[PDB]
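Enquirer: what shape does this take:
(chains A, B, C, D and E, ligands or ions: 9)
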Amino acid sequence: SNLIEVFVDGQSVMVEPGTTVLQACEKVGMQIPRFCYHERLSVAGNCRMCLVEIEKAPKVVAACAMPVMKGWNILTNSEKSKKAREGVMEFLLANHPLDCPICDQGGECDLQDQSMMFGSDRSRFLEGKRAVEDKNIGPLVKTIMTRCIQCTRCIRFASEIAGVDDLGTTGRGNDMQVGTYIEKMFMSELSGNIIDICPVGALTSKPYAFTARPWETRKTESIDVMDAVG
Amino acid sequence: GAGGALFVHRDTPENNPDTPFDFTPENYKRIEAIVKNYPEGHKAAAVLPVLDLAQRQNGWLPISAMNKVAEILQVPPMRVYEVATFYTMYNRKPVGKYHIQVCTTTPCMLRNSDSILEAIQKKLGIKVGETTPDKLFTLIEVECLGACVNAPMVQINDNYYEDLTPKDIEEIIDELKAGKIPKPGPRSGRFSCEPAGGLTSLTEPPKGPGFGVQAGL
Amino acid sequence: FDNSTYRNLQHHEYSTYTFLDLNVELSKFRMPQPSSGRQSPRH
Amino acid sequence: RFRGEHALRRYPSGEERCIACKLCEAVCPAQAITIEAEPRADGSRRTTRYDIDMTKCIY
Amino acid sequence: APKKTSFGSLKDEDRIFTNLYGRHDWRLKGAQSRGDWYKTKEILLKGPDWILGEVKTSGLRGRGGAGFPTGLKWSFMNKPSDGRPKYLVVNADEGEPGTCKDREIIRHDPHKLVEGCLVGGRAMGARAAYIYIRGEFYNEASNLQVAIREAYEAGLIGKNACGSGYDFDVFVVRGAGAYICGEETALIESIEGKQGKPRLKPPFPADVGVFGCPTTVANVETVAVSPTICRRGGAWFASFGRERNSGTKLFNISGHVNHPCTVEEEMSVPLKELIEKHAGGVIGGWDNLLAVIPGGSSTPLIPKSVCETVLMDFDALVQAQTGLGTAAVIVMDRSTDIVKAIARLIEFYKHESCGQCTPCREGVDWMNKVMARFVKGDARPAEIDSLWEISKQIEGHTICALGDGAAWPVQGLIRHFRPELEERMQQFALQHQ
Ligand SMILES: NC(=O)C1=CN([C@@H]2O[C@H](COP(=O)(O)OP(=O)(O)OC[C@H]3O[C@@H](n4cnc5c(N)ncnc54)[C@H](O)[C@@H]3O)[C@@H](O)[C@H]2O)C=CC1
Ligand SMILES: Cc1cc2nc3c(=O)[nH]c(=O)nc-3n(C[C@H](O)[C@H](O)[C@H](O)COP(=O)(O)O)c2cc1C
Ligand code: SF4
Ligand code: SF4
Ligand code: SF4
Ligand code: SF4
Ligand code: FES
Ligand code: FES
Ligand SMILES: [Mg+2]
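Expert: Numbers count the residues shown, from 1 in each chain, chains lettered A, B, ... in the order given. Ligands and ions are numbered 1, 2, ... in the order given. Provided below are the atomic coordinates:
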């Protein structure tokens, strides 16, 4: 019908108009690295981890936000894509705190795993790190904002899914901080979900703190009975 | 270097949600005119001017002023806080009667803006980013103000004073604290962006309406 | 005719509300604004 | 470098060094280490259980 | 002799901004005396296609600094209406260090800007014009508002602009201290009451712009030269400069010159001729020249050896690896600490970054710290290469071009003054054991 033909590493794919590069990549089983993109949230495009090279194009594009075009050949594993990933990971890790042994995210961290799979294995950052003050948003979500990478997933979830506009960014530049700018509890019937969407240990569960590691746990898939939603 | 100003608000006896603030009726009329400049479905676009108006009435922006602006425009308060912390012209703390801003970027730095900064510091006896005990004068360093041709330059209360020497800024401060209004602009017999001597361009009289209009028009 | 004096002295007499007073004065000269069909994106 | 009987160490202040990261528990080839942890009364990340079975350990 | 090869001397009769120095009345009467608002009704009734064709045949390129062809960019908005209103947004943020031209345009002949707004809106089929003026230019904004008021009472704008039957408004919106708000998408976001954070492209402003409507963001110089181009023809504008570098240009010469100033000159004028003719020459003589930043802080600097024969247009400066930018010439003589100047520029960019995207937000701060250490000499020579790579990791990887504008100056400094950095590190090591 209206399907257009693109190429992922030379493999032809038929996609609907408006499909992004990331979704076209997903169709053939290739997952593009991401930090700010969530498939149930608005497209942000700020983390820049999803940069990929289009054949015969000099500038890499943000796969999460760029619609595909007819005849495009997406090169997911080229030198340009890998160098972009390494540079973005280096910038992400320059100011990140050395907190993994005391961070509850350790073992199920997207930052850790994508650094292992797409980043470099060492550092050349020879400066001091930034440190930001912590915020209190209630007894449910523990907050350690030095680990924040400014993906704005929590803000987008709060505005779009929960309907609460209490979260935002204050300042600018390297000093931009995610928070409420005042002492205010982010209290919602769906607030705890921002623990799951947060890719790092910036937001964690307070009742769960320090009790377990992800590789220890045994998972049982079952149903909730606290209401009739199931 | 470091900003030095926090982006977290902590309630204080002189800065809390119950601090009194309200627009005057004249300022309410001005707000109405401001809001009438945007499409009917987009009233948040008036956040930047109205907030500015509040500061022009108060001198600075307490959290009460931000809450009032958010209530007036039906915008959530966090958006107003975001705008107030993003833009550097907003004062989230009281400042002196005259806010002195010295451009220190490379074009002005090349023409010895350090002498102007040192002269201001010596005359007022205060560090950059500090407000005098009297409170009339507040001093800060700003980035390029768009007058690099006339350097070194200073901005005081949205007035531009250009081609400054230490004596010039000393006299400006003296007549500012004496209750007089100094003449804004350059202080080298120049009064614009022309060359200091000669007027190398635009000496012949300008020509009329139909000088070089094409045919068939 | 002469290129002697400077013709931009009027801005010496500008106060804190001049811009918004001019906006108020121009308020009556505009055309009716277009509408998106809502009161706000949250309506 | 000799490897002998196990011990848990402190900082010079007397505070325990262990912060219950469970890296030793994860890496132990004999599964000889058992760790349980919780926030302390002062909010610190410390263990409530640190067991080593020396008849399982391979040193 | 067709196809002129030496440029840089145009007389006053061929200058567009005849009141650049504010020696004549900036009000409506003076503007009409100098040819403003003349036969605008006929130009409006010539139709948008005629105006777009005149702008295209004129060879005018974007005076904001990117040099995009103006006719094609304006014709991107020549689509049929779909229900949404159409807008023209005039960029008057003027954040680039060294640049002062738009301030003089706004304060000394705002009627040129207003008439250009009307003509551009007619060409694009725009309902109204929004002028985003820098928040620090309070008196300039007030002058612009007074000129707009005079135009409104004269019938030149508003209901039935002139006698063309075209309705058009002009609004002035002031910023609040943000350099990033000069970027077109960040400017649109700031107009809508949000933080000045650029949005990704596509979509381009012609599809989804201010209030989600089709809009065009144009520099004030580009808008202000358009009515003159329409009146005198595109051929007259294209007669000046080299091919694909047509027209006249405003230049702001600042730094270590005897007479820093702002002038109007033909495009392809050589840099040395401009400096020694309009700026009084370099302080201490031409042999005292160390380096020149030709197009504002975002352009790479060039040493004295390149400035001997380089011309001031887009193509020649691109071949010199420096770009034309805003045509803001900053001159540094041999008494200048070049490392300190570049570090100050990097500090400016660190203070102006909006923080949205990772490469700018982290890497610009990183390079600021590295250059601060370079100024003293603490670093080791290997770090220089590291710094280069860091800049390469920022350029081309960010949402907007601020990251490029921060990466390029350090690239130029390393390209042309590496021995200075190396000897500074040597002296620091030798002084501190
Ligand atoms: N005037 C000033 O104060 C300042 C100027 N600048 C200059 O800005 C330049 C870079 O700015 P950018 O906007 O990022 O350059 P750009 O090339 O990305 O865009 C320039 C214009 O061309 C349009 N355009 C480009 N490609 C298009 C396409 N495929 N379709 C539709 N429209 C298209 C864009 O809409 C935009 O308005 C720099 O060279 C710098 O010199 C930078 C800072 C301050
Ligand atoms: C960080 C940044 C700041 C900018 N600031 C301005 C500015 O202050 N004024 C301006 O005219 N253009 C500025 N620009 C360039 C704009 O993109 C330009 O104005 C816009 O493309 C208008 O195009 P034009 O030059 O064809 O008119 C800036 C660009 C960037 C990346
Ligand atoms: S968030 Fe991830 S990378 Fe950061 S300290 Fe925690 S586990 Fe380590
Ligand atoms: S707190 Fe977590 S989800 Fe929110 S912006 Fe920071 S890293 Fe992203
Ligand atoms: S849990 Fe094991 S590895 Fe972690 S700090 Fe304690 S003793 Fe060391
Ligand atoms: S490059 Fe810098 S200014 Fe531009 S969007 Fe990214 S962080 Fe913001
Ligand atoms: S995932 Fe695309 S920019 Fe973040
Ligand atoms: S560098 Fe000082 S006004 Fe621009
Ligand atoms: Mg998390």
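
Enquirer: correct me, but residue A:74 touches residue A:52?
Expert: Yes: at 6.0 Å, residue A:74 and residue A:52 qualify as touching, with contact defined as CB atoms under 8 Å. Every residue, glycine included, has its C-beta placed from N, CA and C.

Enquirer: can you pull the contacts of the residue nearest the centre of chain A?
Expert: When CA atoms, centre = their mean is applied to chain A, the residue found nearest the centroid is residue A:35 (2.3 Å). If a contact means CB atoms under 8 Å, 6 or more residues apart in numbering or on different chains, then residue A:35 has A:47, A:49, A:92, A:110, A:111, A:114, A:149, A:151, A:199 as its contacts.

Enquirer: does the spatially most central residue of chain D fall in a helix, a strand, or a coil region?
Expert: Nearest to the mean C-alpha position of chain D, by CA atoms, centre = their mean, lies residue D:50 at 5.2 Å. Residue D:50 carries the three-state label strand when classified by DSSP: H, G, I helix; E, B strand; the rest coil.

Enquirer: tell me which element the residue nearest to residue B:217 when sequence neighbours are not counted is part of?
Expert: The shortest distance from residue B:217 to any residue that is not its chain neighbour, by CB to CB, 6 or more residues apart in numbering or on different chains, is 5.8 Å, and that residue is residue E:42. Assignment of secondary structure by DSSP states H and E places residue E:42 within helix E:40-45.

Enquirer: and the contacts of the helix or strand following that helix?
Expert: Toward the C-terminal end, the helix or strand that comes next after helix E:40-45 (DSSP H and E) is helix E:48-57. Contact with helix E:48-57 is made by E:43, E:69-72, E:74-75, E:78, E:119, E:122-125, E:226, E:229-230, E:233-235, E:238, as judged by CB under 8 Å, 6+ apart.

Enquirer: contacting residues around the closest residue in space to residue B:150 that isn't next to it in sequence?
Expert: In space, and not counting its chain neighbours, residue B:150 is closest to residue B:162: 3.5 Å by CB to CB, 6+ apart. With contact taken as CB under 8 Å, 6+ apart, residue B:162 is in contact with B:147, B:150, B:151, B:153, B:154, B:185, B:186, B:187.

Enquirer: how much space is there between the one residue in chain B that gets nearest to ligand 1 and residue E:248?
Expert: Across chain B, the shortest distance to ligand 1 (CB to the nearest ligand atom) belongs to residue B:146, at 8.4 Å. As for residue B:146, its distance to residue E:248 is 21 Å (criterion: CB to CB, to the nearest Å).

Enquirer: who has more neighbours out of the two?
Expert: More neighbours surround residue B:146 than the other of residue B:146 and residue E:248, with 26 against 20 (other CB atoms under 10 Å in any protein chain shown).

Enquirer: with adjacent residues omitted, what lies nearest to the more buried one?
Expert: Beyond its immediate neighbours in the sequence, the residue positioned closest to residue B:146 (CB to CB, 6+ apart) is residue E:94, lying 4.8 Å away.

Enquirer: that neighbour touches residue E:104, doesn't it?
Expert: No: applying CB under 8 Å, one finds residue E:94 not in contact with residue E:104, separated by 10.3 Å.

Enquirer: more neighbours: which of those two?
Expert: Neighbours were counted for residue E:94 and for residue E:104 using other CB under 10 Å; residue E:94 has more, 28 against 22.

Enquirer: for the helix or strand containing residue B:50, buried residues please.
Expert: In this assignment (DSSP H and E), residue B:50 forms part of helix B:47-58. Across helix B:47-58, burial judged by 16 or more other CB atoms under 10 Å in any protein chain shown covers B:47, B:48, B:49, B:50, B:51, B:52, B:53, B:54, B:55, B:57, B:58.

Enquirer: quick check: closest non-adjacent residue to residue 3.
Expert: Since no chain was named, I'll use chain A. For residue A:3, ignoring the flanking residues on the chain, the nearest one in space by CB to CB, 6+ apart is residue A:14 at 4.3 Å.

Enquirer: I was thinking of chain B, sorry if that wasn't clear
Expert: Computed as CB to CB, 6+ apart, the closest residue to residue B:3 that is not its neighbour in sequence is residue A:175, at 5.7 Å.

Enquirer: ok, so what distance separates that neighbour from ligand 5?
Expert: According to CB to the nearest ligand atom, to the nearest Å, residue A:175 and ligand 5 sit 33 Å apart.

Enquirer: show me what contacts that residue?
Expert: Listed by CB under 8 Å, 6+ apart, the contact partners of residue A:175 are B:3, B:7, E:355.

Enquirer: so which of the residues you listed comes closest to ligand 9?
Expert: Sorting the contacts of residue A:175 by distance to ligand 9 puts residue E:355 at the head of the list, at 21.1 Å, by CB to the ion.

Enquirer: what helix or strand is residue E:170 on?
Expert: Per DSSP H and E, residue E:170 falls inside strand E:166-174.

Enquirer: just confirm yes or no for the helix or strand that that strand is followed by near ligand 1.
Expert: Scanning the chain past strand E:166-174 towards its C-terminal end, the next helix or strand to appear is helix E:184-191 (assignment: DSSP H and E). Yes: Helix E:184-191 lies within reach of ligand 1 by CB under 6 Å from any ligand atom, at residue E:184.

Enquirer: give me the angle between helix E:184-191 and helix B:47-58.
Expert: Using axes from the mean of the first three to the mean of the last three CA atoms, to 10 degrees, the direction of helix E:184-191 lies 50 degrees away from that of helix B:47-58.

Enquirer: so which bits of chain B are right by chain A?
Expert: By CB under 8 Å from any CB of the partner chain, the part of chain B that sits against chain A consists of B:3, B:7-11, B:63, B:76, B:78-79, B:81-82, B:85-86.

Enquirer: just those: which are in helices?
Expert: Here DSSP state H is the test, and these give B:63, B:78, B:79, B:81, B:82, B:85, B:86 as lying in helices.

Enquirer: name the member of those residues with the most neighbours.
Expert: Neighbour tally across these (other CB under 10 Å): the maximum, 28 neighbours, falls on residue B:86.

Enquirer: circling back: now the contacts of residue A:175: which count as buried?
Expert: With neighbours counted using 16+ other CB under 10 Å, the contacts of residue A:175 contain these buried positions: B:7, E:355.

Enquirer: distance to residue A:66 added to the contacts of residue A:175, as TSV?
Expert: TSV is the format used below for the contacts of residue A:175 (distance: CB to CB, whole Å):
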residue	distance to residue A:66
B:3	34
B:7	32
E:355	22
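
Enquirer: count of neighbours near residue 30?
Expert: You didn't pick a chain, so chain A it is. Neighbours of residue A:30 (other CB under 10 Å): 16.

Enquirer: switch to chain E, that's the one I care about
Expert: Residue E:30 is surrounded by 17 other residues when neighbours are defined as other CB under 10 Å.

Enquirer: give me the residue from the stretch 101-250 of chain E nearest ligand 8.
Expert: For the stretch 101-250 of chain E, CB to the nearest ligand atom, closest residue to ligand 8: residue E:136, 9.4 Å.

Enquirer: can you tell me the helix or strand for that residue?
Expert: Assigned by DSSP H and E, residue E:136 falls within no helix or strand.

Enquirer: ok, now which ones touch the residue nearest to residue A:3?
Expert: Residues near residue A:14 by CB under 8 Å, 6+ apart: A:3, A:4, A:5.
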